[PDB]
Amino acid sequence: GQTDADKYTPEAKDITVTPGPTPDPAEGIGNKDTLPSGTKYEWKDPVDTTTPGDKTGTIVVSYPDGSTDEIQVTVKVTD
């Protein structure tokens, strides 16, 4: 009786951006090719990338069955 979250292991990928609005969360998973098609990506909470610095955020990976993983990443906002 397994869920998708029992089977798949998303990998964090740190990203770098210029100051700007919250980036595309798909950029924070480094092994999307390993995950089922129909897997969705969203930030748990929007990362504030409006100012420079190293931000911490979490990507919610939602599998086709509705189970989830939560993956923390660093977003390096440049000066």
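Residue numbers here begin at 1 and follow the sequence given.
Split the chain's modelled residues into thirds by C-alpha temperature factor. Residue 28 is in the middle one. Compared with the other modelled residues of the chain, the Cα B-factor recorded for residue 2 ranks in the highest third.
Sort the chain's modelled residues by C-alpha temperature factor and residue 50 lands in the middle third, per the entry.
The PDB entry assigns residue 70 a C-alpha temperature factor belonging to the lowest third of its chain's modelled residues. Among all modelled residues in this chain, the alpha-carbon of residue 64 has a temperature factor (C-alpha) in the middle third.
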